[PDB]
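Cβ coordinates were reconstructed from backbone atoms using ideal geometry, including for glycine residues, and neighbour counts include every protein chain displayed. Since every read-out is calculated from the coordinates, none of them should be taken as a lab result.
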């Protein structure tokens with residue numbers, strides 16, 4: 001629950017007509033930040049998903065993703081909405097497309 005400063009936040013990258021190569025970049029750097037979760041691949045490139053991490057690490061993660069470095073394309077606009085503090089890291093790292 002909320003009493004634990006472990007925040008499950010949802011993101012959305014506005015990849016209008018796909019192209020957004022968020023993969024690997026996410027995984028590797030999110031690991032380094034100290035965060036867990038996943039990527040959700042839609043039809044029309046709205047790269048959404050879940051970021052769970054301890055408070056300070058999710059802050060860093062938010063500073064990132066807007067900090068847009070590339071393995072191919074531009075991560076075209078990342079909004080951070082749906083913020084809910086939970087308990088424990090309920091996933092095997094920040095992973096792949098689901």
>> On the basis of being without any contact (Cβ under 8 Å) to a residue 24 or more places away in the chain and not in a strand (DSSP E or B), does residue 73 make the cut?
In response: no
> So how many residues does region 1-18 have that are under 13 Å from the mean Cα position of the chain (by Cα) and in a loop (DSSP other than H, G, I, E, B)?
Replying inline: 0
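Quick grid of which residues meet (1) within 10 Å of the chain's Cα centre (by Cα); (2) crowded, with 20+ Cβ neighbours inside 10 Å; (3) in contact (Cβ under 8 Å) with a residue 12 or more places away in the chain:
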{"position": "20", "(1), (2), (3)": "no, yes, yes"}
{"position": "37", "(1), (2), (3)": "yes, yes, yes"}
{"position": "47", "(1), (2), (3)": "yes, yes, yes"}
{"position": "51", "(1), (2), (3)": "yes, yes, yes"}
{"position": "82", "(1), (2), (3)": "no, no, yes"}
{"position": "85", "(1), (2), (3)": "no, no, yes"}
{"position": "89", "(1), (2), (3)": "no, no, yes"}
{"position": "97", "(1), (2), (3)": "no, no, yes"}
